[PDB]
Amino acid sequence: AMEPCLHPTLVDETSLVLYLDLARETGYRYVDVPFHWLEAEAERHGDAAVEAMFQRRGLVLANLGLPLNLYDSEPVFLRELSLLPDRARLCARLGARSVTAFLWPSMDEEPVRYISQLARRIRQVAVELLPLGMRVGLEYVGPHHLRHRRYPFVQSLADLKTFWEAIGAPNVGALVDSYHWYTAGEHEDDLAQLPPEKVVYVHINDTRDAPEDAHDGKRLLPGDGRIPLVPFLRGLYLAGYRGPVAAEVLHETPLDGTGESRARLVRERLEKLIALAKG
């Protein structure tokens, strides 16, 4: 089934132990946890202890945020790429099937250099992941205030699909965030026509701003705004997506309420959104 997934931005919580406790307590099964959190624990207590935290609580790791920097110098990049398989296997064991990263909507660097190197490194990343049966989902970023550097890059799903050709790796798709689908002015049918395997991971959230205005860093809880979230989910559902939907609510200032009431409220809100979209 499509299911609600807890995300760190929803709750005011930095302790790994307590974050996982909050997920269980508020009735989630899927948790999004950044890899540095898991790595900090693996180092202190070994990989098996980390798996025990998830399995003692009935939790499944939703995803692995790519743990390298696609813009490093070549020697650092290659080094971090060598380390990716073991980091990916640890996350597979905790339930993740996907590794994700976002793409900048604009940049100051010369296109042929920036785009070509980035195509090749993403390909290398995707290739290290083929033995593990994992896909790369690339988040296209839609808000307009990120477009004012010198040259355009990816600003939409249509853009992202042409960028797949540069990469040329069979296991590369999309992380689809409502915020970016909204800000890019896309339609339910843009998402419905994706092959299922190309919907790698999904974010949900909201805004009362018009597409041109909405700020990437100033988001609302799913359902406190104007984004058509039932058509968003429905489209993903008709695509054939059947996994976690995380409420990534990036914000600059304290969100309203407590970590706990927020977690429970959005779980409830998303189960209802998800059942309306199935319809």
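One-based numbering along the sequence shown.
Entry-level comparison of average CA B-factors, 50 to 58 and 229 to 237, reporting the higher stretch = On average, C-alpha B-factors are higher across 50 to 58.
Selection from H187, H180, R123, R89 [criterion: highest C-alpha temperature factor in the record] = Comparing C-alpha B-factors across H187, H180, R123, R89, the top value belongs to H187.
request  = Could you look up the Cα B-factor of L68 in the entry and say which third of the chain it sits in: lowest, middle or highest?
outcome  = Tercile = lowest for this residue's CA B-factor.
message = Splitting the chain's C-alpha B-factors into thirds, which one does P222 fall into?
response = Top third by C-alpha B-factor.
ask   = By the record's CA B-factor, is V112 among the lowest, middle or highest third of residues in the chain?
value = It belongs to the lowest third of the chain when residues are ordered by C-alpha B-factor.
query = So where's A96 on the chain's Cα temperature factor ranking, which third?
reply = For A96, whose C-alpha B-factor we compare with every modelled residue in the chain, the answer is the middle third.
message = Can you tell me whether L265 has a C-alpha B-factor in the lowest, middle or highest third compared with the other modelled residues of the same chain?
response = It belongs to the highest third of the chain when residues are ordered by C-alpha B-factor.
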